[PDB]
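In: model this:
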Amino acid sequence: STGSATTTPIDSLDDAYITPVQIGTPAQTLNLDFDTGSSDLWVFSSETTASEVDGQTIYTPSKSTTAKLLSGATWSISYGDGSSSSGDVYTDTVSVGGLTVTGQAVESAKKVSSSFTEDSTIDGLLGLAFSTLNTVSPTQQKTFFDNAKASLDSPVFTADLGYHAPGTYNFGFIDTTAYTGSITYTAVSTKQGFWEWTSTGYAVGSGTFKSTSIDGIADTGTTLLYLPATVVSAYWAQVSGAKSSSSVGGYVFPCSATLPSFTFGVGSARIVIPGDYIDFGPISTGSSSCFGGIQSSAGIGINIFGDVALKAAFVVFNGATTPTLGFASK
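Out: Numbering: from 1, shown residues only. I have put the structure below:
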């Protein structure tokens, strides 16, 4: 089997991407944030505290003839941005782009933090990291990909995120029309539960490539590119007027600037992030200070190849017995 679904930016900055997902019988379609940095499929629901719902589409398990309460199971998650959610668990039929999993754990939110309430375009998350990070207790649950894997033509999914445009998540096959050149594969460590790999270095603009190992995670659920302070300083030093602002919470730059590109290494290959992808616009409405898309990871504890980086590539998440990642230009 295979599946193929279009993923669409939630706003003009590509702050996140939503993908339609069918849950239950008859189908209830919710727009979920596919997140390769976490492993819980959770949704706004008929159980979510009413004051914490503001425009989202909810899953109502009592209207699904295939929903079953997973007795005793609870979940609670906190994300790197400080957001969180928690609730109870149902199993139900979940379909993405024509690919159907029966018995998928659907985590129903009883509580969500303010940032989720405030984003009316995201109805929940669909985790695609390794199932060892799933938060369901006392019986940990499998991700949608883990459940589908055995049935897929090939045990893979791919992320093809657009810049200011829709893109595609495919399951079970690699669309050879969707990228240029060849795909370069690189080793993955699953020890932290993430799609964790080691980039071979970087370049700023037309500058010479620096060979240096950068361990980080491929995370579709993070907007920006988070890299060591040395690397980020070298990038922003090439932008007149750019500076790190403690009051704003990162590097800012004059909105009048033209940004240089940023290249990262995948083995002997190179992925080029155009400068425009690094512009996240005014820090507040009407300001001439703009927020940078490359930021320091020094306060995180891990480097994160988020959407800024991934949307410059066609990315293969290979869930074979020994997982690997593949990157191609496009």
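
In: Quick one: residues contacting the residue nearest the centre of the chain.
Out: Here the mean C-alpha position of the chain is nearest to the C-alpha of residue 220 (Cα atoms, centre = their mean), at a distance of 1.8 Å. Shown in contact with residue 220 (Cβ atoms under 8 Å, 6 or more residues apart in numbering): 17, 34, 35, 36, 37, 128, 159, 161, 306, 307, 310. All C-beta spots, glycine's among them, are computed from the backbone N, C-alpha and C.

In: helix or strand for it, which one?
Out: Secondary structure from DSSP states H and E places residue 220 outside every helix and strand.

In: Identify the residue spatially nearest to residue 98, adjacent ones excluded.
Out: Residue nearest to residue 98 in three dimensions, not counting chain neighbours: residue 3, with 5.0 Å by Cβ to Cβ, 6 or more residues apart in numbering.

In: how near is the one you found to residue 112?
Out: Noted for residue 3: a distance of 27 Å to residue 112, by Cβ to Cβ, to the nearest Å.

In: Just the contacts of residue 220: which are in strands?
Out: Judged by DSSP state E, the contacts of residue 220 include 17, 34, 35, 159 as members of strands.

In: For residue 48, state which of these is nearest.
Out: Minimum distance to residue 48 across those is 18.7 Å, recorded for residue 35 (Cβ to Cβ).

In: The residue nearest to residue 98 reaches residue 99, doesn't it?
Out: Yes. Taking contacts as Cβ atoms under 8 Å, residue 3 lies within contact range of residue 99: 2.7 Å.

In: Need the residues touching each of these two.
Out: Shared contacts of residue 3 and residue 99, defined by Cβ under 8 Å, 6+ apart, comprise 148, 171, 172.

In: which ones are touching the last one?
Out: If a contact means Cβ under 8 Å, 6+ apart, then residue 172 has 1, 2, 3, 99, 148, 151, 152, 153, 154, 155, 156, 157 as its contacts.

In: swap in the first one?
Out: The contact partners of residue 148, taken as Cβ under 8 Å, 6+ apart, are 1, 3, 99, 101, 171, 172.

In: so how far is stretch 156-167 from its chain's centroid?
Out: Distance of stretch 156-167 from the chain centroid (Cα atoms, centre = their mean, to the nearest Å) equals 11 Å.

In: List the buried residues for that stretch?
Out: 156, 157, 158, 159, 160, 161, 167 (16 or more other Cβ atoms under 10 Å).

In: I'd like those residues laid out as TSV, including distance to residue 68.
Out: Compiled in TSV, the buried residues of stretch 156-167 are given as follows (distance: Cβ to Cβ, whole Å):
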residue	distance to residue 68
156	30
157	26
158	31
159	31
160	34
161	34
167	34
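
In: ok, those residues vs residue 117, which is closest?
Out: residue 161 (25.1 Å).

In: Go through the ones in strands among the contacts of residue 220 and give me the one with the most neighbours.
Out: When these are compared by neighbour count (other Cβ atoms under 10 Å), residue 17 ends up highest, at 27 neighbours.
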